[PDB]
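Okay, so here's the structure we're looking at.
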Amino acid sequence: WXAXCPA
Amino acid sequence: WXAXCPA
Amino acid sequence: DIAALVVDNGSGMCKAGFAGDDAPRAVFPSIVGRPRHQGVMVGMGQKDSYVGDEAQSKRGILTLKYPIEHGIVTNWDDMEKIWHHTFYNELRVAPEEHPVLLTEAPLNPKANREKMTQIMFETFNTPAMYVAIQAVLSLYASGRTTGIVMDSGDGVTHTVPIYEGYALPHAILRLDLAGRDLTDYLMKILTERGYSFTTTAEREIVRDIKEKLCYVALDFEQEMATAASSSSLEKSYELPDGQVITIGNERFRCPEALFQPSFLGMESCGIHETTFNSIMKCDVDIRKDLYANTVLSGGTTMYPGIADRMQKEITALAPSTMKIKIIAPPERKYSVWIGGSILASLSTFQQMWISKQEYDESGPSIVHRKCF
Amino acid sequence: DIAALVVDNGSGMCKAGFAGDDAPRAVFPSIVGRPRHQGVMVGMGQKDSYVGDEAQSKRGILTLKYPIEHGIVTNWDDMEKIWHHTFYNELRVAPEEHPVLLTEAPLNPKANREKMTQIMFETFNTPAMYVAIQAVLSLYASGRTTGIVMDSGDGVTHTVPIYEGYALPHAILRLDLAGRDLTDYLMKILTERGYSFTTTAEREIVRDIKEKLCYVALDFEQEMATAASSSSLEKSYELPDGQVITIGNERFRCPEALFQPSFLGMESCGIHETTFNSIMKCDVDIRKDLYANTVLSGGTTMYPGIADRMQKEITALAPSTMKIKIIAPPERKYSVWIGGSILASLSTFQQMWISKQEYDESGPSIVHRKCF
Amino acid sequence: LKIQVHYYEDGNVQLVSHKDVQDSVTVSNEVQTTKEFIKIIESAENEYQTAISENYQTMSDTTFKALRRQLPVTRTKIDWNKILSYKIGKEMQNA
Ligand SMILES: Nc1ncnc2c1ncn2[C@@H]1O[C@H](COP(=O)(O)OP(=O)(O)O)[C@@H](O)[C@H]1O
Ligand SMILES: Nc1ncnc2c1ncn2[C@@H]1O[C@H](COP(=O)(O)OP(=O)(O)O)[C@@H](O)[C@H]1O
Ligand SMILES: [Mg+2]
Ligand SMILES: [Mg+2]
């Protein structure tokens, strides 16, 4: 992901 | 709640 | 000498103070924090649970839960800790020396106020107490005696009409949609941008973004076309890590869920149609004064632009002959507590406290008789 | 040859069949369902509107709308769907060759009957039709030519004193309180124990809970004291998801709203005072004939204990020299339909159909001077 | 136009009611002029009796509602246990 978690 | 909806 | 204690005890956030002031003494979120890891440095502040502000700053290593969910107290062992922290830590006053004014949402289950009163007397040993409706206090604090109050806090939304000080129980309308349902819808719609908040610690960051950037729009389709036409509504917010997120269109899609609960998979109508039906349930003669004193209150109604939107919707629903006035106090976040204090300071109200000796006569069920 | 069709199509449920039988061929809940979510799976068939029993079967994904509210058709483009479903899916016969007998609650706007006959002629092409009063037929179903019929459909109530078949149009007392208001009040009082049924689908759950467990008590205060002093009026119900709820005091509080409408927020008189006023509004030479032949009817009168309670209330209202006798048939629910199958099967009624020729030569308004 | 009526079953209820009517007419031969007179009288008495029927269908919630209310603004009977609470709105009109 972009915010929260990686991906 | 107890029935319908959580609370 | 002695003064009554006015504790709002609303869902999500708790407010408390002394009877006869123009501001609540202490406001703290109703969050019970418990450690979800296992400490390795024993003796450096190990406590089985953190409550209130200490459960907000330390949320990085805590699981946080709300004692009240949709206005109903779901965990009484946690409500007891919240009440203990309210009495003995924030105000630092014993309960056995002051009356206590609890407040309840309308159409709440039968055992709620019963257990409230039971805990107030059997554990804290309070001299006197009362259980007032959360909505009626807002009209008191507003400085009026006729009109319909729209009280949308964190757990319950409700529109209650009152005329000449007497409430109309037959036209009370309740809606489970609230501010915590908007937080949850934001936690869903934010994923379309590429953000993931799922942890209870991160729900607090989602709530902070909500009450800082989101705002109700006056024409949702026109604002959608504005956002799709040119990016000029995006704002940058910085998480406690230092990332720079950017929510654009998502500003008004969250508060709009108030007016169209279909976004949340709910069948009921919006807050405007709720107020409209609640008013049209009121006696025809008094409606002329109702439409003039439609008052917003509680936290969730503090959205930028909610006044104009509510006015437009209710005047497009109500006839043109009627005068629509959405009176929005600039301090409606505490109006319930202000009205509770005003009511508790009245000499006439000094006889309406359910006393201990009265409680001993008919058991907790007495609360069902005295309180309206 | 052809056999006349009878179609009650009252509020809540549509009952239709062929004239000459002793039971309606098809009884189905007169609702219309619109899908609340958008389908994602194709090649399995999707309808934009489920009507009749299909809607109640799939109510979990539908918004359900009743085409009739309080006895006045509110959405005609769904009533046409109801009638089309009745004619083609349940009865399975084209209406273009079968005369039809419809029913109307008394004191309903003239525009309602006018639009009804206009639709029945121009859309379904029926050869001829007639419109009888919904309460008059129910006194034919009991074979009484004279007597006071109290009809209480799911959505409307009316007491009609009929002497020698000619019903007295000056004592027909209307009452908006009926089954649907009793369902709403049952939801509102179930809220007391913590059960919140609010969606349109769950109204059918509470409706079934009422049709099954509720009952009218003889003395309300004594039964209240009994239900307060012990647990012997507790009954358990099993929702269609497996949950088991329990209702006590609410069993008789809900139906008693018929006798004290104050409970429901209605200024009108109860059903016993309504029947007594309908008996008092006519002559004093037939008031006695009306007292001995009081006929109940309609689904809302199928509560266990309503006969004895109504008898007690009326004999307490009426003088002591009049003999009270409540005639409660064992098949009240279909009484209005049965009485229809009699009237249509009469060999002297076939000179009273409004023929299509007669319709076009006189317009719809002819229904206002052919049907009494 | 003048009316009087009385009902005396276990109580006395009495209607008394008078209305003035005034208009003007344009003459012809006596015969057709008469049919103007009757058409006016027919319209006038039809309107007066119509007004009375609508009035009795409206008094309960307007005129008869003025003197006394069938039910309180609460739409529920008084709860005689709670009786002090009905003061507090009017306390805040003095506060
Ligand atoms: N300007 C705002 N925009 C959106 N939500 C708000 C705003 N102000 C307050 N709220 C929300 O309303 C709720 C606070 O209402 P409040 O009056 O404290 O009732 P309660 O005590 O039940 O929380 C919280 O969910 C809060 O986040
Ligand atoms: N014993 C009962 N208790 C509660 N409600 C009942 C009972 N019997 C019937 N009803 C209500 O009345 C309805 C049947 O009414 P019915 O005779 O079909 O007239 P209508 O067509 O006007 O509904 C039922 O579906 C139910 O809602
Ligand atoms: Mg609140
Ligand atoms: Mg019926």
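Numbering starts at 1 and runs along the chain as displayed.
Header entry for method reads electron microscopy, 3.3 Å.
For all residues, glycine too, the Cβ spot is worked out from N, Cα and C.
As recorded in Swiss-Prot, the features of this protein are as follows:
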MOD_RES   C:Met41  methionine (R)-sulfoxide
MOD_RES   C:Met44  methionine (R)-sulfoxide
MOD_RES   C:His70  tele-methylhistidine
MOD_RES   C:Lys81  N6-methyllysine
When the Cα of C:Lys81 (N6-methyllysine) is compared with the Cα of each of the modified residues C:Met41, C:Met44, C:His70, which one is closest?
C:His70
Name, in the order they occur in the sequence, the residues of the same chain whose CB lies under 8 A from the CB of the residue listed as 'tele-methylhistidine' and which sit 6 or more residues away.
C:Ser11, C:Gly155, C:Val156, C:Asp176, C:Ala178
Enter the number of other CB atoms within 10 angstroms of the CB of the residue listed as 'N6-methyllysine'.
17
Test of understanding: give the count of other CB atoms lying within 10 angstroms of the CB of C:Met41 (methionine (R)-sulfoxide).
7
When DSSP states are folded down to helix, strand and coil, where does C:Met44 (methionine (R)-sulfoxide) land?
coil
Same chain, 6+ residues apart, C-beta under 8 Å of the C-beta of C:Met44 (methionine (R)-sulfoxide), given in sequence order:
none
Considering only CB atoms and a limit under 8 Å, which modified residues from C:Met41, C:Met44, C:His70, C:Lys81 lie near chain B?
C:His70
